[PDB]
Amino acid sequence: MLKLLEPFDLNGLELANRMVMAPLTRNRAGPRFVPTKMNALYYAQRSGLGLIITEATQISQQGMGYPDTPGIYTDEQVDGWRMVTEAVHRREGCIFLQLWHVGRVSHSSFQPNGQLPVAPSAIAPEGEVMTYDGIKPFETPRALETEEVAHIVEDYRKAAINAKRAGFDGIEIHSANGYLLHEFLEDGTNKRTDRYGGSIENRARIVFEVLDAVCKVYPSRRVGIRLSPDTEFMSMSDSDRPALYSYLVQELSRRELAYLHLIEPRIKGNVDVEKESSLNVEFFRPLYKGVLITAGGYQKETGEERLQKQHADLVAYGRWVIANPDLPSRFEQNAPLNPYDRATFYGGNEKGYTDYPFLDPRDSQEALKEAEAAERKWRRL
């Protein structure tokens, strides 16, 4: 009777339910940022969510800012992802890759040749960044040249090609939470005088150039995009956030994308924040006519209410899905939720990753069986 559990038709993709695994960085890639059988098991365990969106995945080394996140820019990486999509699909799930570029939210120690992180403008974000050699203050980024934007758009296009080869059903453009594309959108961080700056249509230009490039690889109905309309995360700030996103979302709605994915302002990246705001999903439902995913702070009842009042079509759960790989079944059965342990969110191994229990141990068996079948299929002989 919960609409959270109703099957849903995402333009030909037959999702088992209306719940989404939110994208979640977990910093557990193998060498050279290559996914492992362990990551395949983690996603296979979570195959019962109607749609999985992967952890952010950098389209280049230039686009990384955190240790051991997976990439999608080499064939070695694609081959590792193949285990992930194989295992998920053998469990009859559906999975999109989230394409990432951290922009200024990085450190030269992550960058090729010790180069500075790149960004629209040379403003450092207030805060500290973890590096291979300890915590360090943020560097002033290098502002990108006009000629280098098309280069990064092309990195997205190649990443989409690689995602398709790795067997992903679709891709999600990360345009939220203070990374490169969000930095271009906002005028606390955009400070360009060329066509990628100033105008609200100039500050969104890169986002629509990325969409153009990846929609030459995937049909637009298999390309999603994620936005954080009102967050202070990673020193973000805009002069007229209501104006900025009204246009973007309205411009997005005519692009015939797979979906629009909105983060609630009550989330500040990866933690909850007490924040009153008008730019939540109720505000954007009218301004976007396609499939709308709402994310951030939901429980069973609040997520259910968004769907009943038709304020969104799909609800994404992050931290609860870390801890409850069978979250849909727990909701259907009215079962307790495993508590999430934040100390094992980032980095490490199976602990706090694949060792959260299931209601039905056969679910856990089947995920393991497909992870190991997947490795045998795609092993690097």
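So that there is no doubt, residue numbering starts at 1 and follows the sequence shown.
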| query | finding |
| --- | --- |
| 196-204 set against 257-265, stretch whose average Cα temperature factor tops the other in the entry | 196-204 |
| Stretch exceeding the other in mean C-alpha B-factor - 110-118, 241-249 | 241-249 |
| C-alpha B-factor winner, where the candidates are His89, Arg285, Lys164, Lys300 | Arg285 |
| Highest-ranked of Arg221, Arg226, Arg82, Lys191 once sorted by CA temperature factor in the record | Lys191 |
| Entry-reported Cα temperature factor of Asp169, expressed as the chain third it lands in | lowest |
| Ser277 - which third its CA temperature factor falls in, relative to the rest of the chain | highest |
| Where the record places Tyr73 (Cα B-factor, split into thirds across the chain) | lowest |
| Position of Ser235 among the chain's modelled residues by C-alpha B-factor, lowest, middle or highest third | highest |
| CA B-factor placement of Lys309, once the chain's modelled residues are sorted into thirds | highest |
